[PDB]
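1. let me see the structure of the following:
(2 chains)
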Protein chains: 2
Amino acid sequence: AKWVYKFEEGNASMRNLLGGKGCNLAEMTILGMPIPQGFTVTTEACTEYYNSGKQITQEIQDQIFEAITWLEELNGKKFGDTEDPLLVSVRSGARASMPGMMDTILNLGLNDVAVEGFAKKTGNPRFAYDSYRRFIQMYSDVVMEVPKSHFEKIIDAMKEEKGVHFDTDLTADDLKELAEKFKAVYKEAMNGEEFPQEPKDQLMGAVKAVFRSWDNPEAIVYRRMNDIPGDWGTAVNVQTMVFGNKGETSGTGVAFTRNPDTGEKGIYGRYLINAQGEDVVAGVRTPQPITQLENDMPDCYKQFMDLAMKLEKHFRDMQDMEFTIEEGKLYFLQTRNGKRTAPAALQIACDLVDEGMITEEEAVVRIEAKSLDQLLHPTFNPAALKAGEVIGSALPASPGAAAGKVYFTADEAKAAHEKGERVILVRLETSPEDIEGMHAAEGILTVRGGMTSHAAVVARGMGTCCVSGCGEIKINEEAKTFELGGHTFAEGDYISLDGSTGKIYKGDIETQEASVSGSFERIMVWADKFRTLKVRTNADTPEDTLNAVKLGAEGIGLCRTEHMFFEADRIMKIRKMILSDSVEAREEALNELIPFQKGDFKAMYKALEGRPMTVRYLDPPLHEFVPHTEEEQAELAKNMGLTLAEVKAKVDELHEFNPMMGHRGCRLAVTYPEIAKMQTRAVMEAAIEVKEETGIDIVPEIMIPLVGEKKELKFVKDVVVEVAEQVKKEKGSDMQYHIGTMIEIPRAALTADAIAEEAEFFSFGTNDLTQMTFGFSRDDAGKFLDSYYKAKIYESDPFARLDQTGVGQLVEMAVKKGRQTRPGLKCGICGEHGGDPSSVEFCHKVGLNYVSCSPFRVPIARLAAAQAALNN
Amino acid sequence: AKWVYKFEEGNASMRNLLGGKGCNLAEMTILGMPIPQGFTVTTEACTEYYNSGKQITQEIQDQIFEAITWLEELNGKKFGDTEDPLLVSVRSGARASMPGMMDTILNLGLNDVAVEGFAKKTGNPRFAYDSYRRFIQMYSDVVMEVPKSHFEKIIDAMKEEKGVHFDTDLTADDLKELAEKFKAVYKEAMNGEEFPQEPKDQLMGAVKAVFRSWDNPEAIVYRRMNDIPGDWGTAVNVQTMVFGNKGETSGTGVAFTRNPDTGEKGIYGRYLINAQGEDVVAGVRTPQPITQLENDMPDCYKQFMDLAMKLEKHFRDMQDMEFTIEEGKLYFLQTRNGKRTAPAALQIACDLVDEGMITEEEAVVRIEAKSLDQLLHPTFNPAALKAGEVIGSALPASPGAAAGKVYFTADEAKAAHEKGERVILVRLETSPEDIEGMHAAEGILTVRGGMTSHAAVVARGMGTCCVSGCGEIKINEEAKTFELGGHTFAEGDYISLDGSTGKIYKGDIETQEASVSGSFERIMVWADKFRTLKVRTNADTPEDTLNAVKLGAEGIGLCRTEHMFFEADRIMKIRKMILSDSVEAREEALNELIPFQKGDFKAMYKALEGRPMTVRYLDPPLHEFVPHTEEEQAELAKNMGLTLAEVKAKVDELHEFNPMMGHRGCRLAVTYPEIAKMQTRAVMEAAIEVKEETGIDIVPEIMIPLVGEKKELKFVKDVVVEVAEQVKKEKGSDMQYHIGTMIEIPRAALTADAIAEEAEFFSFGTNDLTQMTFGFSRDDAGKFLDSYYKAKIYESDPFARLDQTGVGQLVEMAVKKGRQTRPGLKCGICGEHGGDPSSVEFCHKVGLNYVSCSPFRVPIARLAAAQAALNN
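-> Residues are numbered from 1 along each chain as shown, chains lettered A, B, ... in the order given. Sure, structure below:
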């Protein structure tokens, strides 16, 4: 039949026959790109070899030799002649790019006479014999099976013998010698057969090898069995070699169709005369800007320019191209969508849309959503970062570049910042009492605490850098000094944090500011046009809200209420409630917080101006609101007229073997309804009042945490409804409200249909859901997850990336089941995964109404959502 | 149409029309039982009333009056005549027995003249006017709506006025008075209408009321909407009244067809002449044995005897009957399957099979499986238990009656038991070091620890009583004394425990011994014939095994391995391993346990004699194997040449926020494979050797705890297989083995299909599964579960009874999915639920291969299984 196709005789649709490489080479040849000319041995020729019992059909060989003759005629010179020798590259390629890799052999055709003609033409004998000796080795390794060892020993001998120190320091005369030693090895392995001197023996050997290598053990067997059986094989691509060091009319270069750092249209790049690509990357000789090529060789410049524009137009996006000029003849070695940055991605996309080269849809889909984080947090010279001294590392709690003078107390950091200094707050951990200092800091570094720690969460809300859980640190509070890595640091000593990698740097050089871009804003709008998912945010204060809404947030998916009991002015009321011994004494202590909490609630609604807000009732156990220090325990006993013991008895009574699965959330409302009632009163009055005050309508959303059973929710629901309806009566209002639940307990997802019968909405708390589905606590998972990631047990952080295969099932289910009893059931996600692109896309596909993420990730979600809608 | 049926004109198949009561009355009338004669107003008559706008059709009324005339003719006396007045009972009954109850009115037909004839006939005027005044009240309450209050005030007045103290102390002359006061109240509520003096007005009133009461709010609306709509209603049953206090030829009695305490065939019971049932129960007059009735009234005795046997034969089981003789005329008021005990249940069932009255299948199904626990643990006079002084209560860890002298140390209890004393071990908690004392104790009482505590588990294995988690106790170790409830108790002071209720009793009177019964053994065999589920047991030592197998266990579903590291002679090796800082130093420390553990394993296989055993690898975190006391921490530092600090740094390093979801189980093998290898070595050599030693074949089963992901298991599986196959080589054996996993992590159940690809069997660890599905820790659940049970949130302990609706789903799923990849996949259950009848039945239905429970529950499972097979 026909087992050999020239690149001009194929296209992308003959992928099956020519392999993925072969067809792509053909494609680019049709595009008028002067690729080094060649042909392809078909994947059917790989099938015929195996059906001939490891003996290539004379037919095939002949058609290979025929195509070889064709190449020679084009190139004007034979295969290994003495004047201008033809050399080729053999590359293997299947229908698919796949796990378990393919082979590449360069300089095929070299021999004892071709090596000389090559040295004459290049004017560099050292370069000629260097290539020969490499070819000899690579051929012997791939074609036959002579180990590198035999060759590596001899190179180590000669280098060591001549007192030289590296793979390079060899003279032309030494490579000549080494090449003969190498040939001797092949002969000393092939029962006295000389190194494939025959250019044709070389070719075939390489063609045989390629087909042969498809039948080897592991990678191979897996790919055939699982993927798709039938008649798969592998193609062999044979291509002419190029050179840009043959003289003053010869060169090599690399250029971009557009500027990869800024995104400005127009050729950008470099090149060198009489050199190979290596020499360009090496910069020993100052590479000359691409545009100067018009001065040296206008003819080639012109051709170059045209084809570049043709490439850009065909691929429809900024191309990164490698080129080589051989004795006034232009060749193109490689082309690919060039690399760039977030600001650049946007800018180019926009341009591309305005130039009419791409659609808006396409612009949106092609931008890497995770990159957008770059636009929001400052960055100092990437050279200065690599030039920076790493003294440790930890968890990247909140992204950003932070740099400033270190201080060890919230007040000293604030006071220092107020004097005009860049401040870095270093503590064991933070608390709500240190909030004022946190805000004034450029960053925050903690000794203990994970992603969910007090420092990590508050810092994401404030859009402030945060590196947490750095155990290597050793703070000396009294001295105001801390040890890490190479030395101790005192108050005022500058440091640098990388909130994106978790890296901590010794020194003082501030980053820049957070840049904006219309292109950003333009993309957002396009994103909006396409997305279906509304995006809400997780916010606990007005500031955070405002920033979130500034970045497109449509409301609050999760409003935590813990702080409203934690703060200095509140904690006394909760504490008192905790240590009381009467339902009446509890209710009284709790009423004393209403004003303070209602006042918090007002402010939120003020800031949301009609946007919805999901409020999560009290989620953690009472254990956390009681003092853990004999000092505070004493202070409190003093304040309520109790003994230090009696308080201590209460504290230990509250002690729980596994606080993650104790008396908390819904289970706490069940025992002490008084808590819920109070939170309901505060919320409901807060809304009603702001409604009257502005006429802005409000629909409060009340969310019950840690629900696992229908009747459970119903107990609590009843309480809240009775109270809400009371507050309505008292202020004569008709305000609508909704009660829903968190789905963070596997059971709740399994019986979602029953749960829905009461719950008006479902919020997936995928944090606590993941914990329980996998059966581990985030805070204790560090001490093996690392070992798991190494061992490839897990390829992704399940707390950072939603686990679709396992956790996903429950979510999907929960939704499907919820809508069976309540068709118009709204479902969102409020975990950290809500700002994870792949997670969002899942959420889209399974049918959620919205996602919720930290304020400064809203943009990534917004985009992510739009992509998911377009991908499905 | 026809709206009134006499009892002789119905049967069980006309349930729809006559209601459940009406049809059952008819049935028993066909059985030749001289029931007080009557009729039934149909449920269609309830429909016609509602379709007539609350006005009874003359048709219906007439057919009621017609049936009334019929009753009168039978009874020979009119409705409220002056000589021998006819009185009736009105009872309402629907097609179904249901939630939300029906009404009963007695003595219908009483009035100002009938009350006199009644007092004359009975010879007891106080009894006559007492009934009148009650009727007057009950009628006014039910028929009209006069509250009890109006009547209760007047009774309280007269009682208080006459200086009497109770509802009884009234004279005939005072009841006469009170009846007139009562009539005045009705007249003073019914706009001057006299108390329904007319016997017919009374009847109708009661008939109207019944139909009326079907339309009331809650219970009613729920039952109609959900259950089954169409044309439901309620029937009215009207029945003649009886009396056994009319004279010396009149009486009342209660008898059993067989002895309810021992199960011996033959009439058993009591009776009284000239009395009502009350008087029998009262025992003021010494009731005369039933068999003496033949002396008083032979004619009635004879009739009685026949009908009793007829009843027994019809219902096909020991009947408990109430009877009344009125002036030489025998009537039967009630019959039901009499009550009995476990030993009695068996004995009667067996008898019933031998007498040919029931099939074997039927015998099996009718025995209450949970009762069987009575046969295994001794019990002292139930009077003495109620006569016993309760000083506290706690959790019923291990059932039994324990009574003995208290001791506070394992050694003192043993030493005391060795001298011949009944011992009761009271500690804060137990440990493996106290095992010798535990065995020697009649019971065990602990201050802390739940059902899964060290005392609860070891005591179930040993079949020893155990009441755990009694926080009220205050042990004084040095003094050897402890406070609870009313007083402090010293060493030697006797106490009593109830391992079935958790009750603790002050005193010294031992129970009896554990009785056996062929009937037991006979039932087991019948059970075997029917069950499909094999039953295995959870056992950690040979003794336990032996007892389990003695009670029918077919092998070990779960063999815990924790103790093999915990014990005094082992703990040093684990400790050393823990504090090591080298893979090599870990491996060496672990090898030192092989002999001790292999030696444990040998003994098990010795005891199992070919029966299979599932071995669970190390499940708890390393934190538990390290010393928690500065003393021991110091001792260990001394033993390994470390500082007290350095040990303390290691201990705190291992500290975990939530130990239930930390670095343990599979996750521990992942990091420290060395542990698994060692456990595999020990197991594999242990099996091989015993195999050679006896020729008894063995198939070791190796079970990995806390698996959540396919590749996770595979990592560990590889390790174990490499090692097992080594040990095989080393001893030149061809012994088969299987590796499976525990399914206690929700995820594992969700991806069971993937997990199965490696796991050769699945064991449901429904303990840890429930914890995680519900999202709570058993140990912390006490402080609200109580509140949940009260509030009817949960009607069952999910740790004691499998939660089919929620947890069940995962199990079911796990099985279905596992068998998709591995059809011949064996699945068992090893949690506490394995000995819970309803759980077993689930396990049966979803397809498990076997169940596993604590040795002394094997019998309940065996039975339970047989029932499930017959029920499905």
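
2. and the stretch 751-872 of chain A, which residues reach chain B?
-> On the criterion C-beta under 8 Å from any C-beta of the partner chain, chain B has as its neighbours in the stretch 751-872 of chain A the residues A:751, A:768, A:771-777, A:779-780, A:783-784, A:787-788, A:791-794, A:805-807, A:809-810. Every C-beta, even on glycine, is put in place using the N, C-alpha and C of the backbone.

3. how close does residue A:562 sit to residue A:675?
-> When distances are taken as C-beta to C-beta, to the nearest Å, residue A:562 and residue A:675 turn out to be 12 Å apart.

4. overlap of the contact sets of those two?
-> The contact sets of residue A:562 and residue A:675 overlap at residue A:618 (C-beta atoms under 8 Å, 6 or more residues apart in numbering or on different chains).

5. of the two, who's got more company?
-> Applying other C-beta atoms under 10 Å in any protein chain shown to residue A:562 and residue A:675 shows that residue A:675 carries more neighbours, namely 22 against 17.

6. assumed the more buried one was part of a helix.
-> Yes. When the secondary structure is assigned by DSSP: H, G, I helix; E, B strand; the rest coil, residue A:675 falls within a helix.

7. quick one, what contacts it?
-> For residue A:675, the contacting residues are A:577, A:590, A:617-618, A:668-669, taking C-beta under 8 Å, 6+ apart as the criterion.

8. among the residues you listed, which are located in strands?
-> In this view, these have no member that belongs to strands under DSSP state E.

9. pull the most distant pair out of those.
-> Based on C-beta to C-beta, the longest span within the contacts of residue A:675 runs between A:577 and A:617 and measures 15.1 Å.

10. tell me, how many residues neighbour residue A:83?
-> When neighbours are defined as other C-beta under 10 Å, residue A:83 has 9 of them.

11. whoops, residue A:797 was the one
-> Using other C-beta under 10 Å, residue A:797 has 16 other residues around it.

12. phi, psi for it please.
-> phi -70, psi 110 (degrees, to the nearest 10).

13. isn't residue A:275 up against residue A:245?
-> Yes. With contacts counted by C-beta atoms under 8 Å, residue A:275 reaches residue A:245, the gap being 5.4 Å.

14. what sits in contact with each of those two?
-> Taking C-beta under 8 Å, 6+ apart as the criterion, residue A:275 and residue A:245 both touch residue A:252.

15. tell me if stretch A:622-630 is near chain B.
-> No. Counting by C-beta under 8 Å from any C-beta, chain B is not contacted by stretch A:622-630; separation bottoms out at 10.4 Å.

16. buried sites along that stretch?
-> By neighbour count, with 16 or more other C-beta atoms under 10 Å in any protein chain shown as the criterion, the buried positions of stretch A:622-630 are A:622-623, A:625-627.

17. what is the neighbour count of the nearest residue in space to residue A:829 that is not next to it in sequence?
-> Leaving aside its sequence neighbours, residue A:829 sits nearest to residue A:764 (C-beta to C-beta, 6 or more residues apart in numbering or on different chains; 4.2 Å). For residue A:764, the neighbour count with other C-beta under 10 Å is 30.

18. hang on, the earlier thing: and which of the contacts of residue A:675 is nearest chain B?
-> When the contacts of residue A:675 are compared for distance to chain B, the smallest value, 8.1 Å, is given by residue A:668; criterion: C-beta to the nearest C-beta.

19. in this structure that closest one contacts residue A:618, no?
-> Yes. Under the criterion of C-beta under 8 Å, residue A:668 makes contact with residue A:618 at 6.5 Å.

20. walk me through the domains of chain A.
-> Each domain of chain A is listed here as a residue range: A:1-108+A:196-242, A:109-195, A:243-340, A:341-380+A:509-530, A:381-506, A:531-872, per curated CATH domains.

21. tell me which of those domains sits nearest to residue B:644.
-> Shortest distance between residue B:644 and the domains of chain A, using C-beta to C-beta, is found for domain A:381-506: 20.4 Å.

22. straight-line length of the closest one, end to end?
-> Length of domain A:381-506, first residue to last, C-alpha to C-alpha, to the nearest Å: 16 Å.

23. surely residue A:235 touches residue A:39?
-> No. Residue A:235 is beyond contact range of residue A:39, at 10.4 Å (criterion: C-beta under 8 Å).

24. same list, the domains of chain A, but as CSV with distance to residue B:96 please.
-> Supplementary listing: these in CSV, determined by distance: least, C-beta to C-beta, whole Å:
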stretch, distance to residue B:96
domain A:1-108+A:196-242, 58
domain A:109-195, 84
domain A:243-340, 74
domain A:341-380+A:509-530, 58
domain A:381-506, 53
domain A:531-872, 24
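
25. can you pull up the bridge partners for the residue of the stretch 251-400 of chain A at minimum distance from chain B?
-> With distances taken as C-beta to the nearest C-beta, the stretch 251-400 of chain A approaches chain B most closely at residue A:395, which sits 15.7 Å away. Taking DSSP bridges, one finds residue A:468 as the beta-bridge partners of residue A:395.

26. what's near enough to touch it?
-> A:450-451, A:456, A:467-469, A:502.

27. these two touch, right, residue A:799 and residue A:766?
-> No. The pair formed by residue A:799 and residue A:766 falls short of the contact definition of C-beta under 8 Å, at 9.0 Å.

28. who has more neighbours out of these two?
-> Between residue A:799 and residue A:766, residue A:766 has the larger neighbour count (other C-beta under 10 Å), namely 28 against 22.

29. spatially nearest residue to the more buried one (excluding sequence neighbours)?
-> On the basis of C-beta to C-beta, 6+ apart, the spatially nearest residue to residue A:766 that is not a chain neighbour turns out to be residue A:831, at 3.4 Å.

30. same check, this time on residue A:124
-> Using C-beta to C-beta, 6+ apart and skipping the chain neighbours, the partner closest in space to residue A:124 is residue A:245 (6.8 Å).

31. looking at this, that neighbour is in a strand?
-> No. Membership of residue A:245 in a strand is not supported by three-state DSSP, which gives coil.

32. who does the helix or strand that contains residue A:488 pair up with?
-> Taking DSSP states H and E as the criterion, the element that holds residue A:488 is strand A:487-490. The strands beside strand A:487-490 in its sheet (DSSP bridges) come out as strand A:481-484 (antiparallel).

33. stretch A:137-144: which residues count as buried?
-> Going by neighbour count (16+ other C-beta under 10 Å), the buried part of stretch A:137-144 is A:137-140, A:142-143.

34. from the residues you listed, pick the one nearest residue B:557.
-> Of all the buried residues of stretch A:137-144, the one with the least separation from residue B:557 (C-beta to C-beta) is residue A:142, at 56.7 Å.

35. what's near enough to touch that closest one?
-> With contact set as C-beta under 8 Å, 6+ apart, residue A:142 has these partners: A:103, A:105, A:206, A:209.

36. quick revisit: which residues do residue A:799 and residue A:766 both contact?
-> With C-beta under 8 Å, 6+ apart, residue A:799 and residue A:766 have common neighbours residue A:832.

37. isn't residue A:840 right up against residue A:834?
-> Yes. With contacts defined as C-beta under 8 Å, residue A:840 counts as touching residue A:834 at a distance of 7.1 Å.
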